[PDB]
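Everything on this sheet refers to the single structure shown next.
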Amino acid sequence: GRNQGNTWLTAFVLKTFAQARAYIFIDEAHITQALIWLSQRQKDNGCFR
Amino acid sequence: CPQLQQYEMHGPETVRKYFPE
C-alpha cells in the first residue's frame with residue numbers, strides 16, 4: 001500500500017462501474033467512495049489535478 | 001503525500017403494624 005491512486009484510473013473505474021451497474025448489479029458504496037475521493041483532488045481553477 | 005493503513009482502531013388506640021416495602 002505504498003501508493004496514491006491515479007486520478008485517471010479512478011475516474012475510468014467509475015465511468016465503467018456506472019455502466020457495469022446496468023447488467024451486473026454493483027455496490028453503490030464503491031462509486032460514492034470514488035466520487036468523494038475525486039472531489040478531494042478538485043481545484044476551482046484548473047478543475048482536476 | 002506520506003500516509004499508510006494502520007491498526008489500534010475501535011471501529012473500521014392505633015398500636016398496629018403493616019406495609020413496609
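Residue names in the C-alpha cells use chain letters A, B, ... in the order shown, residue numbers from 1 in each chain, and ligand numbers from 1 in the order shown.
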
Legend entry - Residues near range 30-47 of chain A, cut-off 9 Å, only C-alpha atoms, skip fewer than 6 positions along chain, as a PyMOL selection string: chain A and resi 7+10-11+13-14+17-18

Write the residues of the selection above to a file with N, CA and C atoms, as a PDB file, in the first residue's frame.
```pdb
ATOM      1  N   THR A   7      -5.539   9.598 -10.641  1.00  0.00           N
ATOM      2  CA  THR A   7      -6.793  10.278 -10.938  1.00  0.00           C
ATOM      3  C   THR A   7      -7.462   9.791 -12.181  1.00  0.00           C
ATOM      4  N   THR A  10      -8.915   5.967 -11.410  1.00  0.00           N
ATOM      5  CA  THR A  10     -10.101   6.036 -10.554  1.00  0.00           C
ATOM      6  C   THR A  10     -11.324   6.460 -11.374  1.00  0.00           C
ATOM      7  N   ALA A  11     -11.194   7.595 -12.089  1.00  0.00           N
ATOM      8  CA  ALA A  11     -12.242   8.153 -12.959  1.00  0.00           C
ATOM      9  C   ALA A  11     -12.704   7.137 -14.000  1.00  0.00           C
ATOM     10  N   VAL A  13     -12.440   3.794 -13.719  1.00  0.00           N
ATOM     11  CA  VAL A  13     -13.121   2.745 -12.963  1.00  0.00           C
ATOM     12  C   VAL A  13     -14.553   3.153 -12.736  1.00  0.00           C
ATOM     13  N   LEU A  14     -14.743   4.386 -12.288  1.00  0.00           N
ATOM     14  CA  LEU A  14     -16.060   4.929 -12.007  1.00  0.00           C
ATOM     15  C   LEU A  14     -16.964   5.007 -13.236  1.00  0.00           C
ATOM     16  N   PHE A  17     -17.912   1.453 -13.845  1.00  0.00           N
ATOM     17  CA  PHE A  17     -18.710   0.902 -12.741  1.00  0.00           C
ATOM     18  C   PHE A  17     -20.125   1.512 -12.796  1.00  0.00           C
ATOM     19  N   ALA A  18     -20.268   2.672 -13.486  1.00  0.00           N
ATOM     20  CA  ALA A  18     -21.568   3.321 -13.743  1.00  0.00           C
ATOM     21  C   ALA A  18     -22.306   2.468 -14.807  1.00  0.00           C
TER      22      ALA A  18
END
```

When you get a sec, could you note down which chain B residues fall within 10 Å of chain A, using only C-alpha atoms, as a tab-separated table (two decimals) with N, CA and C atoms, in the first residue's frame?
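What ended up in result_15.tsv:
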```tsv
chain	number	residue	atom	x	y	z
B	1	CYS	N	1.55	14.01	1.03
B	1	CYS	CA	1.63	12.69	0.36
B	1	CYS	C	1.94	11.48	1.32
B	2	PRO	N	2.79	11.62	2.39
B	2	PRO	CA	3.02	10.48	3.31
B	2	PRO	C	1.80	10.04	4.18
B	3	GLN	N	1.42	8.71	4.13
B	3	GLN	CA	0.33	8.06	4.92
B	3	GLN	C	0.26	6.50	4.64
B	4	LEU	N	-0.23	5.67	5.62
B	4	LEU	CA	-0.40	4.20	5.44
B	4	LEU	C	-1.50	3.61	6.37
B	5	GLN	N	-2.15	2.48	5.94
B	5	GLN	CA	-3.24	1.81	6.70
B	5	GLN	C	-2.71	1.19	8.00
```

Which of chain A DSSP labels helix (DSSP H, G or I), written as a PDB file with C-alpha atoms, in the first residue's frame:
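part21.pdb was written with the following content:
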```pdb
ATOM      1  CA  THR A   7      -6.793  10.278 -10.938  1.00  0.00           C
ATOM      2  CA  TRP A   8      -7.348   8.894 -14.377  1.00  0.00           C
ATOM      3  CA  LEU A   9      -7.576   5.203 -13.309  1.00  0.00           C
ATOM      4  CA  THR A  10     -10.101   6.036 -10.554  1.00  0.00           C
ATOM      5  CA  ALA A  11     -12.242   8.153 -12.959  1.00  0.00           C
ATOM      6  CA  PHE A  12     -12.055   5.374 -15.538  1.00  0.00           C
ATOM      7  CA  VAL A  13     -13.121   2.745 -12.963  1.00  0.00           C
ATOM      8  CA  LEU A  14     -16.060   4.929 -12.007  1.00  0.00           C
ATOM      9  CA  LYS A  15     -17.236   5.571 -15.627  1.00  0.00           C
ATOM     10  CA  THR A  16     -17.248   1.710 -16.211  1.00  0.00           C
ATOM     11  CA  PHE A  17     -18.710   0.902 -12.741  1.00  0.00           C
ATOM     12  CA  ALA A  18     -21.568   3.321 -13.743  1.00  0.00           C
ATOM     13  CA  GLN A  19     -22.061   1.295 -16.985  1.00  0.00           C
ATOM     14  CA  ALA A  20     -21.350  -2.102 -15.410  1.00  0.00           C
ATOM     15  CA  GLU A  28     -23.090   1.716  -4.832  1.00  0.00           C
ATOM     16  CA  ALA A  29     -20.602   2.373  -1.990  1.00  0.00           C
ATOM     17  CA  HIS A  30     -17.642   1.837  -4.352  1.00  0.00           C
ATOM     18  CA  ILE A  31     -18.842   4.611  -6.713  1.00  0.00           C
ATOM     19  CA  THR A  32     -19.713   7.064  -3.978  1.00  0.00           C
ATOM     20  CA  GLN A  33     -16.332   6.252  -2.298  1.00  0.00           C
ATOM     21  CA  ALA A  34     -14.570   7.049  -5.570  1.00  0.00           C
ATOM     22  CA  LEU A  35     -16.698  10.109  -6.394  1.00  0.00           C
ATOM     23  CA  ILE A  36     -15.762  11.527  -2.976  1.00  0.00           C
ATOM     24  CA  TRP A  37     -12.076  10.889  -3.492  1.00  0.00           C
ATOM     25  CA  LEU A  38     -12.258  12.599  -6.939  1.00  0.00           C
ATOM     26  CA  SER A  39     -13.711  15.739  -5.245  1.00  0.00           C
ATOM     27  CA  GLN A  40     -10.727  15.886  -2.786  1.00  0.00           C
TER      28      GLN A  40
END
```

Inset, instruction - Could you please determine the separation between CA of residue 23 in chain A and CA of residue 5 in chain A in Å, to one decimal place? - result: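 Separation between CA of residue 23 in chain A and CA of residue 5 in chain A: 26.6 Å.
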
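Atom to atom, CA of residue 6 in chain B and CA of residue 6 in chain A stand 21.6 Å apart.
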